[PDB]
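Worksheet: the structure to be examined is printed underneath.
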Amino acid sequence: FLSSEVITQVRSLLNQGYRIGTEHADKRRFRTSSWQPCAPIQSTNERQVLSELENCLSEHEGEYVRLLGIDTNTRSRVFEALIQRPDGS
């Protein structure tokens with residue numbers, strides 16, 4: 001289901017030792033950059049992370065979903081990218 005590009009980004013982050021997070025916003029909240037998190041992904045197992053990521057995406061179909069890479073020691077964000085949009089504009 002997940003794209004090659006999203007799998008590549010996730011592997012890259014995990015391989016570097018970062019945690020993966022995700023958040024979502026409908027079209028109205030996207031306007032004000034008002035995101036809500038999906039459930040935390042504690043696993044560092046690639047199969048599990050991708051599985052949970054796909055659940056976030058499918059639970060929020062028709063919303064924006066943003067992939068995050070998080071330095072666990074700092075809790076600082078090191079990476080962000082949109083991985084799902086509403087495919088109209």
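If you're wondering about the labels, chains in the structure tokens are A, B, ... by order shown, residues count from 1 in each chain, ligands from 1 in order shown.
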Identify, on the basis of only C-alpha atoms, every residue whose closest approach to residue 33 (chain A) does not exceed 12 Å; exclude the query and any residue fewer than 3 positions from it along the same chain; express the result as an mmCIF file with C-alpha atoms, in the first residue's frame.
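Result went into out.cif, see below:
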```
data_model
loop_
_atom_site.group_PDB
_atom_site.id
_atom_site.type_symbol
_atom_site.label_atom_id
_atom_site.label_comp_id
_atom_site.auth_asym_id
_atom_site.auth_seq_id
_atom_site.Cartn_x
_atom_site.Cartn_y
_atom_site.Cartn_z
ATOM 1 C CA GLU A 23 0.301 13.710 12.532
ATOM 2 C CA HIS A 24 -2.733 14.630 10.520
ATOM 3 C CA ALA A 25 -4.913 17.641 9.545
ATOM 4 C CA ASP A 26 -8.083 18.068 7.490
ATOM 5 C CA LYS A 27 -8.281 20.877 4.970
ATOM 6 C CA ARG A 28 -9.498 23.481 7.498
ATOM 7 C CA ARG A 29 -6.812 22.680 10.103
ATOM 8 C CA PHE A 30 -4.088 22.505 7.409
ATOM 9 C CA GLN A 36 -3.046 16.386 15.641
ATOM 10 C CA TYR A 64 -3.086 15.677 5.118
ATOM 11 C CA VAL A 65 -0.620 13.318 6.950
ATOM 12 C CA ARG A 66 2.901 14.401 7.827
#
```
| said: If we count only C-alpha atoms and set the cut-off at 10 Å, which residues sit around region 72-76 of chain A, ignoring sequence neighbours fewer than 6 positions away in its own chain? Please answer as a ChimeraX atom specification. | reply: /A:17-20
Produce a file of the selected residues containing N, CA, C and O atoms, as a compact mmCIF listing (two decimals), in the first residue's frame.
```txt
# COMPACT_ATOMS: atom_id res chain seq x y z
N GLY A 17 18.90 5.81 13.49
CA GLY A 17 18.52 5.83 14.88
C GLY A 17 17.48 6.80 15.39
O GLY A 17 17.41 7.05 16.56
N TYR A 18 16.63 7.35 14.51
CA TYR A 18 15.55 8.24 14.93
C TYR A 18 14.26 7.46 15.13
O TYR A 18 14.14 6.34 14.65
N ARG A 19 13.36 8.03 15.90
CA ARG A 19 12.02 7.51 16.06
C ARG A 19 11.19 8.16 14.93
O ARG A 19 11.51 9.21 14.47
N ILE A 20 10.06 7.53 14.65
CA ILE A 20 9.12 7.93 13.61
C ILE A 20 7.86 8.39 14.30
O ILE A 20 7.37 7.70 15.20
```
| task | Would you mind listing what lies within 12 Å of region 4-9 of chain A as a VMD selection string, with only C-alpha atoms counted and same-chain residues fewer than 2 positions away left out? | result | chain A and resid 1 to 2 11 to 16 18 20 46 to 47 49 to 51 53 to 54 57 65 to 69 79 to 84
| query | Quick one: of A:70, A:58, A:3, A:85, who's nearest to residue 42 (chain A), counting only C-alpha atoms? | reply |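 Among the listed residues, the smallest separation from residue 42 (chain A) belongs to A:70.
You will find CA of residue 41 (chain A) at 10.2 Å from CA of residue 56 (chain A).
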Using DSSP assignments from the backbone, pull out every residue in chain A that falls under helix (DSSP H, G or I) and give it to me as a PDB file with N, CA and C atoms, in the first residue's frame.
```
ATOM      1  N   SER A   4       7.053   3.314  -2.414  1.00  0.00           N
ATOM      2  CA  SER A   4       8.449   3.159  -2.301  1.00  0.00           C
ATOM      3  C   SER A   4       9.182   4.315  -1.668  1.00  0.00           C
ATOM      4  N   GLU A   5       8.761   5.539  -2.010  1.00  0.00           N
ATOM      5  CA  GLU A   5       9.384   6.710  -1.488  1.00  0.00           C
ATOM      6  C   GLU A   5       9.165   6.838   0.050  1.00  0.00           C
ATOM      7  N   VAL A   6       7.973   6.504   0.552  1.00  0.00           N
ATOM      8  CA  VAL A   6       7.670   6.612   1.982  1.00  0.00           C
ATOM      9  C   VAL A   6       8.454   5.515   2.723  1.00  0.00           C
ATOM     10  N   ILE A   7       8.498   4.296   2.163  1.00  0.00           N
ATOM     11  CA  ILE A   7       9.331   3.266   2.758  1.00  0.00           C
ATOM     12  C   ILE A   7      10.831   3.659   2.833  1.00  0.00           C
ATOM     13  N   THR A   8      11.404   4.228   1.775  1.00  0.00           N
ATOM     14  CA  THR A   8      12.753   4.753   1.742  1.00  0.00           C
ATOM     15  C   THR A   8      13.047   5.786   2.809  1.00  0.00           C
ATOM     16  N   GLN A   9      12.136   6.743   2.950  1.00  0.00           N
ATOM     17  CA  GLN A   9      12.289   7.785   3.980  1.00  0.00           C
ATOM     18  C   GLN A   9      12.257   7.148   5.375  1.00  0.00           C
ATOM     19  N   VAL A  10      11.340   6.221   5.632  1.00  0.00           N
ATOM     20  CA  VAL A  10      11.233   5.615   6.945  1.00  0.00           C
ATOM     21  C   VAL A  10      12.517   4.791   7.275  1.00  0.00           C
ATOM     22  N   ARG A  11      12.930   3.963   6.330  1.00  0.00           N
ATOM     23  CA  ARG A  11      14.192   3.210   6.507  1.00  0.00           C
ATOM     24  C   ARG A  11      15.369   4.095   6.800  1.00  0.00           C
ATOM     25  N   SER A  12      15.505   5.171   6.041  1.00  0.00           N
ATOM     26  CA  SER A  12      16.574   6.122   6.260  1.00  0.00           C
ATOM     27  C   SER A  12      16.589   6.695   7.680  1.00  0.00           C
ATOM     28  N   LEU A  13      15.420   7.123   8.179  1.00  0.00           N
ATOM     29  CA  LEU A  13      15.290   7.635   9.534  1.00  0.00           C
ATOM     30  C   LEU A  13      15.635   6.566  10.598  1.00  0.00           C
ATOM     31  N   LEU A  14      15.045   5.372  10.452  1.00  0.00           N
ATOM     32  CA  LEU A  14      15.330   4.298  11.387  1.00  0.00           C
ATOM     33  C   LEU A  14      16.788   3.931  11.368  1.00  0.00           C
ATOM     34  N   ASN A  15      17.368   3.908  10.192  1.00  0.00           N
ATOM     35  CA  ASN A  15      18.781   3.489  10.068  1.00  0.00           C
ATOM     36  C   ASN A  15      19.709   4.431  10.726  1.00  0.00           C
ATOM     37  N   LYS A  27      -8.568  19.698   5.721  1.00  0.00           N
ATOM     38  CA  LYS A  27      -8.281  20.877   4.970  1.00  0.00           C
ATOM     39  C   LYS A  27      -8.377  22.185   5.789  1.00  0.00           C
ATOM     40  N   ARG A  28      -9.349  22.298   6.708  1.00  0.00           N
ATOM     41  CA  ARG A  28      -9.498  23.481   7.498  1.00  0.00           C
ATOM     42  C   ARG A  28      -8.328  23.670   8.468  1.00  0.00           C
ATOM     43  N   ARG A  29      -7.919  22.575   9.134  1.00  0.00           N
ATOM     44  CA  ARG A  29      -6.812  22.680  10.103  1.00  0.00           C
ATOM     45  C   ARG A  29      -5.471  22.872   9.395  1.00  0.00           C
ATOM     46  N   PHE A  30      -5.329  22.274   8.223  1.00  0.00           N
ATOM     47  CA  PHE A  30      -4.088  22.505   7.409  1.00  0.00           C
ATOM     48  C   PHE A  30      -3.841  24.019   7.216  1.00  0.00           C
ATOM     49  N   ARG A  31      -4.926  24.793   6.997  1.00  0.00           N
ATOM     50  CA  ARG A  31      -4.836  26.266   6.852  1.00  0.00           C
ATOM     51  C   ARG A  31      -4.044  26.999   7.904  1.00  0.00           C
ATOM     52  N   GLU A  46      11.209  -2.207  11.693  1.00  0.00           N
ATOM     53  CA  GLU A  46      10.764  -1.605  10.435  1.00  0.00           C
ATOM     54  C   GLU A  46       9.353  -2.085  10.052  1.00  0.00           C
ATOM     55  N   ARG A  47       9.172  -3.424  10.055  1.00  0.00           N
ATOM     56  CA  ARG A  47       7.844  -3.969   9.712  1.00  0.00           C
ATOM     57  C   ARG A  47       6.693  -3.347  10.556  1.00  0.00           C
ATOM     58  N   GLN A  48       6.899  -3.288  11.859  1.00  0.00           N
ATOM     59  CA  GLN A  48       5.904  -2.731  12.776  1.00  0.00           C
ATOM     60  C   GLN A  48       5.692  -1.232  12.510  1.00  0.00           C
ATOM     61  N   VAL A  49       6.765  -0.508  12.333  1.00  0.00           N
ATOM     62  CA  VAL A  49       6.657   0.962  12.110  1.00  0.00           C
ATOM     63  C   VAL A  49       5.844   1.207  10.855  1.00  0.00           C
ATOM     64  N   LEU A  50       6.192   0.519   9.775  1.00  0.00           N
ATOM     65  CA  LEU A  50       5.436   0.682   8.531  1.00  0.00           C
ATOM     66  C   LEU A  50       3.951   0.293   8.667  1.00  0.00           C
ATOM     67  N   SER A  51       3.711  -0.804   9.387  1.00  0.00           N
ATOM     68  CA  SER A  51       2.336  -1.228   9.698  1.00  0.00           C
ATOM     69  C   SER A  51       1.493  -0.100  10.411  1.00  0.00           C
ATOM     70  N   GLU A  52       2.076   0.486  11.433  1.00  0.00           N
ATOM     71  CA  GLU A  52       1.402   1.540  12.212  1.00  0.00           C
ATOM     72  C   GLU A  52       1.267   2.811  11.425  1.00  0.00           C
ATOM     73  N   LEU A  53       2.279   3.082  10.600  1.00  0.00           N
ATOM     74  CA  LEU A  53       2.158   4.178   9.730  1.00  0.00           C
ATOM     75  C   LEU A  53       1.015   4.104   8.736  1.00  0.00           C
ATOM     76  N   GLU A  54       0.860   2.928   8.125  1.00  0.00           N
ATOM     77  CA  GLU A  54      -0.241   2.686   7.239  1.00  0.00           C
ATOM     78  C   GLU A  54      -1.614   2.841   7.933  1.00  0.00           C
ATOM     79  N   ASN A  55      -1.716   2.375   9.162  1.00  0.00           N
ATOM     80  CA  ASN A  55      -2.966   2.584   9.954  1.00  0.00           C
ATOM     81  C   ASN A  55      -3.272   4.084  10.125  1.00  0.00           C
ATOM     82  N   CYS A  56      -2.238   4.858  10.425  1.00  0.00           N
ATOM     83  CA  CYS A  56      -2.474   6.328  10.553  1.00  0.00           C
ATOM     84  C   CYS A  56      -3.032   6.857   9.259  1.00  0.00           C
ATOM     85  N   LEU A  57      -2.362   6.520   8.137  1.00  0.00           N
ATOM     86  CA  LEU A  57      -2.822   7.008   6.843  1.00  0.00           C
ATOM     87  C   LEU A  57      -4.260   6.644   6.525  1.00  0.00           C
ATOM     88  N   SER A  58      -4.603   5.364   6.716  1.00  0.00           N
ATOM     89  CA  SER A  58      -5.919   4.866   6.328  1.00  0.00           C
ATOM     90  C   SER A  58      -7.015   5.387   7.235  1.00  0.00           C
ATOM     91  N   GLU A  59      -6.730   5.551   8.517  1.00  0.00           N
ATOM     92  CA  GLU A  59      -7.661   6.161   9.460  1.00  0.00           C
ATOM     93  C   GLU A  59      -7.983   7.661   9.141  1.00  0.00           C
TER      94      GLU A  59
END
```
